[PDB]
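Enquirer:
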Ligand SMILES: CCCCCCCCCCCCC/C=C/[C@H](O)[C@H](N)CO
Ligand SMILES: CCCCCCCCCCCCC/C=C/[C@H](O)[C@H](N)CO
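Protein chains in written order, with the UniProt record's numbering: chain P, 150 to 198; chain Z, 1 to 297; chain G, 51 to 149; chain R, 12 to 69; chain W, 12 to 69; chain Y, 324 to 565; chain L, 324 to 565; chain E, 324 to 372; chain U, 470 to 517; chain B, 78 to 323.
1) Span of the alpha helix (DSSP H) holding residue 217/B?
2) Can at least three beta-carbon pairs, one atom from the region 376-388 of chain Y and one from the region 530-542 of chain Y, be found at a separation below 8 Å?
3) Say yes only if the C-beta of residue 135/G is nearer than 6 Å to one or more non-hydrogen atoms of ligand 2, and no if none qualify.
4) Taking only the alpha-carbon atoms, compute the straight-line gap between residue 395/Y and residue 406/Y and give it to the nearest angstrom.
5) Using a threshold of 6 Å, is the CB atom of residue 340/Y nearer than that to any non-hydrogen atom of ligand 1?
6) Identify which residue in 27/W, 26/W, 28/W and 37/W has its Cα closest to the Cα of residue 343/Y.
7) How about residue 221/B: is its C-beta nearer than 7 Å to some C-beta of chain Y?
8) Helix, strand or coil: which one does DSSP assign to residue 21/Z?
9) With 9 Å as the limit, tell me which residues of the region 221-249 of chain B have their beta carbon closer than that to any beta carbon of chain L; keep them in chain order.
10) Span of the beta strand (DSSP E) holding residue 46/B?
11) Compute the Euclidean distance between the alpha carbons of residue 124/G and residue 64/W, then round it to the nearest angstrom.
12) Thinking C-alpha only, which one of 155/P, 174/P, 195/P and 156/P is nearest residue 255/Z?
13) Examine chain Y for any beta-carbon lying closer than 7 Å to the beta-carbon of residue 44/W, and answer yes or no.
14) For ligand 2, is there any heavy atom lying closer than 6 Å to the beta carbon of residue 114/G?
15) Can you check which of these residues, 88/Z, 28/Z and 195/Z, is closest to residue 347/L by C-alpha distance?
16) Can you pull the DSSP bridge partners for residue 481/Y?
17) My assumption, with CB atoms under 8 Å, is that residue 141/Z sits in contact with residue 248/Z. Please give the rounded CB distance.
18) So what does residue 428/Y bridge to, in DSSP terms?
19) Say yes only if the C-beta of residue 537/Y is nearer than 6 Å to one or more non-hydrogen atoms of ligand 1, and no if none qualify.
20) Verify whether the separation of the beta carbon atoms of residue 443/L and residue 397/L is less than 7 Å.
21) Using only alpha-carbon positions, find the residue among 326/Y, 331/Y and 390/Y that is nearest to residue 329/E.
22) Taking only beta-carbon positions, decide if residue 169/Z is within less than 7 Å of chain Y.
23) In chain order, what residues of the same chain have a beta carbon less than 6 Å from the beta carbon of residue 199/B, not counting five sequence neighbours either side?
24) Can you tell me the Cβ-Cβ gap for residue 79/B and residue 69/R, rounded? I've got them flagged as a contact below 8 Å.
25) Tell me, please, whether the CB atom of residue 34/R is closer than 7 Å to any CB atom in chain C?
26) In the DSSP assignment, the beta strand (DSSP E) including residue 179/P goes from what residue to what residue?
27) Could you list which residues in chain P have their beta carbon closer than 8 Å to that of residue 186/Z, in chain order?
28) Spell out a yes or no on whether the region 385-392 of chain L and the region 161-172 of chain Z are touching, meaning 3 or more CB-CB pairs, one atom from each, closer than 8 Å.
29) Mind checking residue 43/W: buried by the 16 CB within 10 Å criterion, or exposed?
30) With respect to the alpha helix (DSSP H) encompassing residue 162/B, which residues constitute its N-terminal and C-terminal limits?
31) Determine, for residue 347/L, whether the minimum Cβ-Cβ distance to residues of chain Y falls below 7 Å.
32) Please go through the region 398-447 of chain Y and give each complete beta strand (DSSP E) segment of 3 or more residues, from N-terminal end onward.
33) Do residue 205/B and ligand 1 come close, with the Cβ less than 6 Å from some heavy atom?
34) Starting from residue 118/Z and walking both ways along the beta strand (DSSP E), at which residues does that stretch end?
35) If we define contact as Cβ-Cβ less than 7 Å, is residue 413/Y a contact residue for chain L?
36) Give me the DSSP bridge partner(s) of residue 91/Z.
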């Protein structure tokens, strides 16, 4: 059971396998099993330019 | 005359809350009109009195010659729904084979959103909040392995019989909601309505829930509003013989249809306990980083 | 003695204010009170025991035999309803097996 | 009578447009929201407002 | 002739609005229900009702 | 085929979910529903029906159990002696637990509205008497004496042709709803205390009993509603049936 | 049944996905929402509310922490001495980290718009003084002297009946939005530097203090918006709660 | 629920399939697209150069 | 603390030198005879 | 017309001031009586009006050159004071907003600035044994100080983990000695309930705390007192019983 987490610029980067940042109270994260088919996500254009 | 005048005129019982301000639509950020130089006496925007208690009304058009800007930056990302519709960790339930913790494949968790700082501080920004919820339950082994086990999550509202055994009679669930999931299946997800007796949940109850004398005994019940104590949460194995695998259940809460009310300053000290704003007294930290001198960077 | 309940309203027992009550009574209906799945049967198929040992069990359908679902139902004498049955299968440890 | 009206935000000023499949409307999506603000409620809750151009204390 | 009418509550006073996918209507949801009550059936099944203001035994 | 994604929640079995499922019997028709007297449509219809309030609590000795349904009231040779007293909380233990409202409340976590407790005097016709019956809202202790009892909601009851007076204990709460008040921190949702004093005396002529009994019936008013479905507070099974 | 294909993404749990899921409580109705004063509808409503800008940074000695909320300003016996200076970057450490805007900015990666920093003078009424307050846009170093400081956006502040002047630091960026400028390569999104000089002097009569304090309040203008949701820059937990 | 059969092809990840998938950012709005000189709309525009 | 419980006025020293305390006609009778100084305290007006 | 000269008359009370800031209306919302659609109790409430709706002078702290600041918890401040507190004791349910007039005046050769703030649901935390390993709770005299109020343990942290660095969110008003000499805050009934106990629950907390310290030369006045005055508005009481206290 994996957890992919998107960490936008300035957000707390995980420094451990069990870091406190894995609570994901705001920044997007996905919980997938390897049994499940590939996780797929749509992403908007998010540059300041 | 008849009747008395000080009753006729009297505004006693006036129902509607007199609004000093109405809300205007702001889909885009405010546009900026063009500005020119101004050398006058009497018209002075920059000078203000903070004593009043109001924020600076001085607009940038009157502090610097400005161009025209058709601002179409959306303010949608900064709404209570789109700020709180983020599933965060609110609970971790452990079911080890043999340990100090629950060893019989039945754990009870009195539902407390706090106990996890990130989801807490974000929520603690407001004093009163009213919302529906979307709960997700992730089950696995302490290594993250997926195993063929069958759990039973059961919602036990206040007053309902709490399970005292892995094979308790309360697991018949004739009325109170329960969910039957395999660990093979994807995370169970459930929508939850706003079920407080009050119009909103409170993250802060400045008082006691009981009457009488408040000696040093019943002093720990200070700050305990039962209106946002929505009962306990129970997990099964299921029975009847003990499980074969170590299990971990993580609860995630997503808020929808959110309506917070009065704003609150934002925690700057380490959370230490659930439903209790205590803090380490000798380890008092500044709200932010600090530098060596005010004249250096 | 008559056999009727108190017709006395609170407006005539105490000076009362106006209350626009909008509390819903939907939660207290026979459908929303009985649309709760409860335990009504447990069928055992052990490998070898006193109970059924050949992987075939017969259960004459009896809602009772489980107090919680029973007492809730026993509130009324006559009931008429459609039903939605769910069958949960596993091992005595709760393990899922390819059977 | 349409469907159930048991959303937490029922009867509010806010105009939501949401998606739902079940009879209970609180199980619906967060959905699209109406963008209305009122900064003066918190930023300027004074009784007698003076103009931007005006000297507040006089 | 529309669909089957084999719900247990068929032909009753109650007005249900339910969801269904199969031809047999008894496989439908519990659905939304009409809120009607009749307390007097059990709470006041007397023959000659007297007023609230009245003395019952006279 | 038609593109679909499976959201979290699949394969789960929510016991209270109102979905559909496959039918075992194609074209089966239920036997026509004939008329049956006294149909129930809403549980509030039953909650307005009065039932015995067991204010007298004495298990001694499982033979004198029928005494639990009545008050002892007698010719007090004093003034304003306390007769009886009990909690107004319906879902709490234990006098309300004999009432149909009490058990039906046991299937719901939240309630709201006024309640009615009707007291029937079962003395002789020759027996007379006036008694105060006080409802003291949340806060405040057991009224030590009658003088500091009447300060709340009360009714003066005169014994006569009409056996029963009804004390309406109006919905007095801070919240719109009350969860069950039991029995520590959850006292926040208490309804209060009902006490019974002698306004004057239980007065009897020469040839009639010096002691009589009072029966208390209880139900909910018409502004009564219930909101959240819980399991019964007590499960009646030990350990396996049959 | 109806032909369907499962696209990649099934069984995944996206924590920010706005889908629906099964309801636990059929026909449950939330208790009616009474009126509560001061409802928040958009976080920008709170971002326009001014809060203390901690420009003075001294942890010494965790008892003199309250000094962090104010400037020292005194009767300089010179010309145009530097008073104080700080970064205009709101999401960066550290003076803006005391403001409500600073923390709310900590929940967003991108922002845009003008900002306002209001300075209140807390000296005696007898104390007077004029001071320059300069905003130097990105590029350019700390202004070594006042003469090469005024070359940017600045305001001349006169002490008087109105305690506070407000320096509006207008939205001056190349991009439409600014990510948090911290602290190496991401200096691309810096907002600039705010410095405070003595325009003339802090002048006092005979019987009044030679040293006074200035309080700086900060908030966002009305052309302010935020765009991308991140976690809080600092998590407040070590290591387990309760 | 609504009766469905799964046709062959489920759980497959076709790298060129133009389907939809879940969005990470609710109500995110891309920064407005200013004017940039010389936009390409079709690769044939470059093939004539 | 046990003085303010009656009719009172908070006076701030400033540009206007004088505040005026209006002691309103608070009597049971329509008129007051002179209150001096024993039994005739019935007609007292009070204390400032 | 002027902005700094104000007069506040409620019931038989009257406050004058010549050196003030404008009046703050709390959350931009005037205090009001409870509608028949928000209320839930069926009792006909008492609205005593003039007798209880009036100014009360309850405390006067001495602002010394090194003070951490004080606070009061509403409406526990009046519970033993006047005929307001009498109604709050004999009754179970209570509803009111307040008109707080904090006042403190000095010379023109004094300096310093107070921060008057009304923080709803001001829950107070304890120093957790200095180290953080003790789930202790505040005594009754700290959470419900009443008349005399309570001095802050630490002012930076607001004795609750929250920073005073951003207290100016909730309705506030500065008392800066060189401009104003009094603050005035009008709050409505701020609660998720139409009524509450008034003894058990405290709707909000008044936080009077200096940020820029009081200072003065060797002049002829070192005793500078801050005085707290408040006045209940649109007061309602329901659920009558015997007299009950703390
Ligand atoms: C199937 C299980 C569903 C469980 C439903 C639980 C919903 C509970 C909603 C959250 C209620 C507010 C949370 C409590 C507040 C804080 O944790 C403390 N009480 C603070 O004092
Ligand atoms: C695929 C298997 C479906 C099984 C269908 C069984 C439906 C039976 C409906 C319930 C009938 C009433 C239950 C019996 C009542 C009590 O248990 C006892 N008879 C009481 O005397």
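Each residue gets a CB set at the ideal place from its N, CA and C atoms; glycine is no exception.
Expert: Reading from the atomic positions:
1) Residue 217/B: member of the alpha helix (DSSP H) spanning 217-220, first to last residue.
2) Touching, yes, given that three or more Cβ pairs across the two stretches are closer than 8 Å.
3) Result yes, Cβ under 6 Å from ligand 2.
4) If I take the Cα positions, the gap works out to 8 Å.
5) Not one heavy atom of ligand 1 lies closer than 6 Å to the C-beta of residue 340/Y.
6) Taking only the C-alpha atoms, the option nearest residue 343/Y is 37/W.
7) Not a single CB atom of chain Y sits nearer than 7 Å to the CB of residue 221/B.
8) In the three-state reduction of the DSSP assignment, residue 21/Z falls in the coil class, being assigned neither a helical nor a strand state.
9) Answer set for the region 221-249 of chain B: 231, 232, 233, 234, 238, 240, 241, 242, 243, 244, 245, 246, 247 and 248.
10) A question about residue 46/B goes unanswered here, because the residues of chain B that appear run from 78 up to 323.
11) Approximately 38 Å between the Cα atoms of the pair.
12) Of 155/P, 174/P, 195/P and 156/P, the residue nearest in Cα terms is 174/P.
13) No, because no Cβ of chain Y sits closer than 7 Å to the Cβ of residue 44/W.
14) Answer for residue 114/G: yes, Cβ within range of ligand 2.
15) For residue 347/L, the closest of 88/Z, 28/Z and 195/Z by C-alpha to C-alpha distance is 195/Z.
16) 453/Y.
17) About 7 Å separates the Cβ atoms of residue 141/Z and residue 248/Z, confirming a contact at the 8 Å cut-off.
18) Looking at the DSSP assignment, residue 428/Y forms no beta bridge with any residue, so it has no partner.
19) No, the beta carbon of residue 537/Y sits no closer than 6 Å to any heavy atom of ligand 1.
20) When the beta-carbon positions are compared, residue 443/L and residue 397/L stay at least 7 Å from each other.
21) Closest option to residue 329/E, judged by alpha-carbon separation, among 326/Y, 331/Y and 390/Y: 326/Y.
22) Residue-level contact check: residue 169/Z touches chain Y, since one or more beta carbons of chain Y fall below 7 Å from its beta carbon.
23) If we look at residue 199/B and ignore the five residues flanking it on each side, its Cβ neighbours are 282.
24) Confirmed, Cβ separation roughly 7 Å.
25) Given the protein chain composition of this structure (P, Z, G, R, W, Y, L, E, U and B), no chain C is represented.
26) For residue 179/P, the uninterrupted beta strand (DSSP E) run begins and ends at 178-181, by DSSP.
27) Result: 182 and 185.
28) With the cut-off at 8 Å, the region 385-392 of chain L and the region 161-172 of chain Z do not touch.
29) It is buried - the Cβ of residue 43/W has at least 16 other Cβ atoms within 10 Å.
30) Residue 162/B -> alpha helix (DSSP H) spans 159-167.
31) Taking Cβ atoms only, chain Y reaches closer than 7 Å to residue 347/L, which makes this a yes.
32) If one requires a minimum length of 3 residues, the beta strand (DSSP E) runs lying completely within the region 398-447 of chain Y are 405-410, 433-435 and 438-444, in chain order.
33) The answer is no for residue 205/B.
34) Not the beta strand (DSSP E): residue 118/Z falls in the alpha helix (DSSP H), residues 117-123.
35) Residue 413/Y does not count as touching chain L.
36) In the DSSP output, where bridge partners are listed per residue, residue 91/Z has 251/Z.
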